[PDB]
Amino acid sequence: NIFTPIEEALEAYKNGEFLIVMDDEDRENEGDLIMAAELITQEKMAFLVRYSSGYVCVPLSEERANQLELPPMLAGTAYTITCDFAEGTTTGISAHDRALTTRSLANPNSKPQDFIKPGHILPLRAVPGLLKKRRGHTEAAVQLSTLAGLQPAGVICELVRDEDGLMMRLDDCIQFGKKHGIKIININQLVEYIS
């Protein structure tokens, strides 16, 4: 009575909804909002930023990051050099611009030269094999997109409490999901489904 079955969650994800994603069933886990990169709108980005740390990340497969010439920031969360999609952005940081950059990272027609680096989005490199190889939120995002038949790209950020800025643990995530009509899943659940 807490977690949504995966096949129902995937349909929500396919229809451009966020999912609240926990590591497993533990009450002390902190929740992330995750949705498909190609489906994030200005309004949905505004929502994500409003209720999160605002350190908005875009999980991509290593292969896709390689195609887009987004190398690891250095040579643990696998940050690439940051970026903005050049055409149609100004400040880069706005909900509109962050959403556009995120959709562009998912778009299979995007080219390396279409992006300015550094920028205001944080792409992440998901390991090949995804959740079977690393049970990270990065791998979860790309896995969800893959299972949904979408481009292997997601967008994520950590839920934070309005009251005090503490990250939302399970109880608060359940409350947030109820208030905003967002389904909750956990990574263990996803691993079980694909295994």
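The numbering used is simple: start at 1 and walk along the sequence shown.
**Q** From residue 75 to residue 76, how many deposited residues does the entry skip: none, 1 to 3, 4 to 9, or 10 or more?
**A** The entry leaves 4 to 9 residues without coordinates here.
**Q** Averaging CA B factors per stretch from the PDB record, which one is higher: 61-69 or 150-158?
**A** Mean CA B-factor is higher for 61-69.
**Q** Comparing average C-alpha B factors as deposited, tell me which of 163-171 and 139-147 sits higher.
**A** 163-171 has the higher mean C-alpha B-factor.
**Q** Sorting 109, 102, 94, 82 by Cα temperature factor from the record, which one lands on top?
**A** Most elevated C-alpha B-factor of the set, per the entry: 109.
**Q** How does the C-alpha B factor of residue 88 compare with the rest of the chain: lowest, middle or highest third?
**A** Top third by C-alpha B-factor.
**Q** State the tercile, meaning the lowest, middle or highest third, of residue 38 with respect to the CA B-factors recorded for its chain.
**A** Lowest third, going by the recorded CA B-factors of the chain.
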